[PDB]
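Below is one structure, written out as structure tokens, with a few remarks after it.
Residue numbers (this note's numbering), protein chains in the order written: chain X, 6 to 220; chain D, 456 to 505; chain B, 182 to 231; chain W, 182 to 231; chain C, 12 to 511; chain E, 167 to 240; chain R, 167 to 240.
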């Protein structure tokens, strides 16, 4: 009966700056009965705030928040690299118990342009009958990015496999790998292969191109 | 007895007095309640206005 | 350790979507289409007519 | 000449879509989702459990 | 404004003899005056209006605890003082914490603490005091001429015919003279200040809505209240509580919203709305109707020469009269509408009296609807419209025969005696002697007795009356009625009046 | 407090639908009946006190029916 | 309703400061005293009923002091 949503869904902020999450609960006067969960992708979360005023055991004192009824908040003044995770929340009073559309912490840094490398399919894959043209976009920030596979100057959205990581542990940037899969006969009937990468850093798409007739 | 939660805090109440409370109450699962007319009232009827 | 949920009580309520279907005298009962859903609180009554 | 319709009476009925939501003892009231529609005839009850 | 289809419609039987009459009216009830040379009148209250209302005080029903602070001290130190006792916003209370050598102190068994919590009002009710001059009364007045189902329930339409009027009586101008046009003028002299008791009660606002409460009970309400201006309140500790004291830990907890308790504290309160001027439902006002200039024109109009028709079918008003609406297809108008109420068809002698005197066709236009009401007698009667072959009639029967009607005057008469106080004898209008002393005997009897032990609620005065009826059983000769005086009537009556 | 000492009844003019009217009949009885059902063991010995003293028959019930109404909410 | 039929008293274990304790002594008396002050004219004829019947002296007050407590809030 109650709808929950957490905002901003993605927040890029440097460590040490306060992050106050604007939130709400649809079914009103929950009393407090609101929580906070931090979850890195591929892990279970961890309860941050209960009673809305109080931490669990393991969670350090940097986590806080306040609210009642509809609106609630998660206020972390000293955000940290250890705080990087997907923030979740969940409600009580009525049933069934449900969560909100989550919010990501992102540690802020300088906007980085991707390193784009487009590799022709191996001679081993051609002999296998297929051809997968891969395009690696490394160390770009922020996560907003786009890949476009231009074959002989024409964009093809078929066979496009986009594998990108999350925010890195070391440099805290994003890395993306795009893959254009074709058959060898379809690979040998098309000449120019390029993946243009547009990003908030570069006002123009980064164009890395190769032709089968070229080398 | 039971444990009754009033607002944020919870409190102890006798369970036979718990069911004897006069106020709109709720089944465990979700929706359909009883005596929910008690928190609302009515007035005189002028044309279609009440 | 473990506490089961017996029931709940709604102490604070608010009125939403007041609807009154007027009818003529001698028509007997008045029926509003909102009596189907349990979310709508319906009650009989009358309006003195000229 | 003209006769108004006061009301009607259903003398013959048939049962359709029997639904019973079972629950554990000490859970208090049992609530089936069919209590929302007035077409469904709902009644409380119990089942002695082992 | 008119008596058409009102919930309570009461009549007035003209004895003539005077052009002035002193009548009391109400918002729901509509008085109907029928007299010789004077057409049929409608007198009722629209609502009770008040212009300016002063702010007496306010009440905070819902509070919240903020900034709990408790200063711990050692036993034998006497009083504990927290620095928060300077500001009135902080709610401070003395106390103690039983001390060992384990917690904070080197002595045992006793302690002292000062627990302060900043007071925060979430929600507060507000009251209002009524000034006598500010009270206004909108009194709908209407005279029955040629009417339809539209114009009769319409005000501005009958203002064009000058058959309806509105006005505002205040203590500054209790007398208002309004003209009915072709039927003359009437003078209405009211008593706005004395209609209600302006200082007997207040107007309390609970949440968004406002309600009426007695002003002596208003100050006797137990709940944190507020001065008119701004800040410092009283008894604000009532919405908060305390607990045991463990070391420095004591939790001041606030009571929830008392709005429901205020709605529980309201029982006989009248629901009152408002926009720029408050409109009260049940009216009480004492007015003087001067009919001197009100007269009958138009006896120059002979009977109508042509066919009638029913614009709407006849029915019973439930007040003892029968109203009909007639669409006259004849073009000979304007003409006096022939009509009567008769016992049998073979007997042309009129028996029932017309509620609306002198039915009249407005204009020569054919098929013009006219709504005229009449009061038939008890038993089988007939509504006959027209003379000769032109007449179309209807059969009527009314089972209200004077046997039961004598009690309807009697029983409701005692009901008219109840709840109206000493003004109940204003239905003794154009009075004196009996009617004058009848109110005078009840005047001091209204200023004593029932008002002295007044305040009894429902069965409180009702149950003891049955025990006071036992006082009439045990007595002596000539002493019988002495213990029986207040028992019968004035006590059990109002208990039977309101059941429920 | 606001729970008790209600405005009811005004009893001045007031022919209308008040704030709470039909619920005024359920004020005392039902809450006192819920009390005597709460404490049935008292109700057994309650009416016994009426038959104890005075030997005047019909007025012995005047004790009980009045005294059984005293105990609820004092 | 919530106004009457309070939880008080638990009376199971419970040596502590409850939700409302010191105010429990002000429940009935003060509200019934505000009633008898509200209706003094009743209180004059109230105690009269005790001296009426039974001629047993000291138990005539048992009528009054009990009956004067009946009338408030029925």
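We treat Cβ as the ideally placed atom computed from N, Cα and C, and that holds for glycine.
Item, Value
"Residue closest to residue 165/X, alpha-carbon to alpha-carbon, out of 131/X, 129/X, 140/X", "140/X"
"Backbone CA spacing between residue 89/X and residue 231/C [nearest angstrom]", "60 Å"
"Contacts around residue 102/X, its chain only, beta-carbon distance under 7 Å, and the 5 residues preceding and following it disregarded", "95, 96"
"With 16 other Cβ atoms within 10 Å as the buried cut-off, status of residue 39/X", "buried"
"Any alpha helix (DSSP H) of 4 or more consecutive residues that is wholly inside the region 361-448 of chain C", "413-428"
"The beta strand (DSSP E) enclosing residue 43/X, as first and last residue numbers", "42-44"
"Residue-chain proximity (residue 213/E, chain R), Cβ-Cβ < 9 Å", "no"
"As assigned by DSSP and simplified to three states, the class of residue 469/C", "coil"
"Any 3 or more C-beta pairs closer than 8 Å across the region 70-85 of chain C and the region 127-135 of chain C", "yes"
"Buried/exposed call for residue 240/E, threshold 16 Cβ in 10 Å", "exposed"
"Every unbroken beta strand (DSSP E) inside the region 309-336 of chain C [3 residues or more]", "321-327"
"Buried versus exposed call for residue 199/B [16 or more other C-beta atoms within 10 Å across all chains shown]", "exposed"
"Separation of residue 168/R from residue 177/R, as counted between CA atoms", "20 Å"
"Under the three-state DSSP convention, the category residue 133/W falls into", "For chain W, the structure presents residues 182 to 231; residue 133/W sits outside this window and is missing."
"Beta-ladder partner(s) of residue 24/C, from DSSP", "45/C"
"8 Å Cβ cut-off: residues of chain B touching residue 210/W", "188"
"Own chain partners of residue 155/X with C-beta closer than 7 Å, once the 5 adjacent residues on each side are dropped", "199, 201"
"Beta-carbon gap between residue 198/C and residue 300/C smaller than 9 Å", "yes"
"Short-range partners of chain D found in the region 97-109 of chain X, where Cβ spacing is below 9 Å", "98, 99, 100, 101"
"Buried versus exposed call for residue 205/W [16 or more other C-beta atoms within 10 Å across all chains shown]", "exposed"
"Reference residue 295/C; option with closest CA among 503/C, 186/C, 209/C, 369/C", "209/C"
"Element boundaries [alpha helix (DSSP H), containing residue 205/C]", "203-206"
"Beta strand (DSSP E) runs contained entirely in the region 181-249 of chain C, provided each spans 3 or more residues", "186-190, 196-201, 212-217, 220-225"
"Any chain R beta carbon closer than 9 Å to residue 219/E", "yes"
"Assigned exposure category for residue 105/X - 16 Cβ within 10 Å defines buried", "buried"
"Residue 353/C versus residue 226/C - alpha carbon distance", "56 Å"
"Test: residue 480/D CB closer than 9 Å to a CB of chain E", "no"
"Spatial distance of residue 99/C from residue 192/R (CA atoms)", "26 Å"
"Any C-beta of chain R under 9 Å from that of residue 193/C", "no"
"Spatially closest choice to residue 432/C from 451/C, 419/C, 418/C, 441/C, by CA coordinates", "451/C"
"Pairwise C-alpha distance: residue 466/C and residue 194/R", "18 Å"
"Cβ distance (whole Å) where residue 138/C is taken to contact residue 240/C below 8 Å", "Actually they do not touch by this definition, with Cβ atoms about 15 Å apart."
"Pick from 364/C, 264/C, 222/C that is closest to residue 254/C, judged by C-alpha positions", "264/C"
"Paired residues, beta bridge with residue 39/C - DSSP", "In the DSSP output, where bridge partners are listed per residue, residue 39/C has none listed."
"For residue 104/C and residue 9/C, the rounded distance between their alpha carbons", "Residue 9/C lies beyond the residue range present for chain C, which begins at 12 and ends at 511; the question has no answer from this structure."
"For residue 230/B, the three-state DSSP class (helix, strand or coil)", "coil"
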